[PDB]
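Quick note: the coordinates plus some simple rules give every number you see, no bench work behind them. Backbone-built Cβ (ideal geometry, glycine too); neighbour counts: all protein chains shown.
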């Protein structure tokens, strides 16, 4: 089997992407944030504290003839941005882009943090990291991909995120029309439960490539590119007037600037992030100070190849017995 679904930016800055997902019988369609940096599929629901729901579409398990309470199971998750959610668990039928999994754990939110409430466009998350990170207790549950894997034509999914435009998540096949040149594959460590890999270096604009190993995660659920402070300083030094602002919470730059590109290495291959992808717009409405798309990972504890990086590539998440990651230009 295979599946193919379009993913759409939530706003004009590509702060996140949503993908429609069918849950239950009859289908209830929710728009979920596909997140290769976590491993829980959770949704706003009829059980979510009413004051914490503001415009989201909810899953109502009592209206699904295939929903079953997973008795005694609870979940609770905290994300890198400080947001969180928790609740109980149902199993139900879940379909993405024509690919169906029966008996998928659907984690129903009883509580969500303010950041979730305030984002009306995101109805929940669909985690695509390794199932070892799944938070369901006392019986850990598998991701949608893990459940689908054996049925797929090939044990892979791909992320093809758009810049200020829709893109695609495919399951079970590689669309050879979706990228240019060849796909370069690179080793993955699953030790921390992430799609963790090592970039071979970077360049700033038309500058020379610096060969240096950068360990990080491919994370579709993180907006920006978070890299070591040395790398980030080298980037922003090429932008007149750019500076790190503790009050704003990262590097800002004059909105009048033209940003240089940023290149990262994948083995001997190179992925070029155009300068415009690094512009996250005014820090507040009407400001001439703009927020940067490349930020320091210092004090995160890990480097994160988030959407800023991934949307410059066609990315293969290869879930074979020994997982790997592939990157192509597009």
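Okay, here's what the table says:
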item	result
Bridge type composition, region 175-330 - antiparallel percent by DSSP, nearest 5	85
Counting DSSP beta bridges with both ends in the chain, the antiparallel % (nearest 5)	85
Pairwise centroid distance, computed over Cα atoms, of region 146-169 with region 257-282, Å	23
Stretchable slack from residue 12 to residue 164, in nm (0.36 nm times residue separation minus alpha-carbon distance)	54.1 nm
For region 57-89 and region 126-144, distance of Cα centres in Å	12
Where labels lie 7 Å past Cα in the beta-carbon direction, separation of residue 248 and residue 49 in nm	3.3
Protection-proxy order for peptides 27-33, 171-177, 48-54, each taking the mean of Cβ atoms within 10 Å per residue, highest first	27-33, 171-177, 48-54
Global form of region 240-318, assessed from the alpha-carbon gyration tensor, a/c cut-off 1.5	prolate
Which of 196, 118 has the fewest Cβ neighbours within 10 Å, and the rest in rising order	118, 196
Ranked 283, 271, criterion: other C-beta atoms within 10 Å, fewest first	283, 271
Helix-only [θ]222 nm of the chain, DSSP H runs n ≥ 4, -39500 (n - 2.57) each, per residue, nearest 500	-1500 deg cm²/dmol
Spacing of the two label points (7 Å from each Cα toward its C-beta) at residue 256 and residue 176, in nm	5.1
Ranked 253, 157, criterion: other C-beta atoms within 10 Å, fewest first	253, 157
Stretch gain in nm, segment residue 238-residue 63, where the contour uses 0.36 nm per residue and the Cα spacing is subtracted	57.4 nm
Rg(Cα) / (2.2 N^0.38 Å) computed for region 5-174, rounded to two decimals	0.96
Value of D in µm² per second that Stokes-Einstein yields for the chain, Kirkwood Rh from Cα pairs, at 37 °C (0.692 mPa s)	162
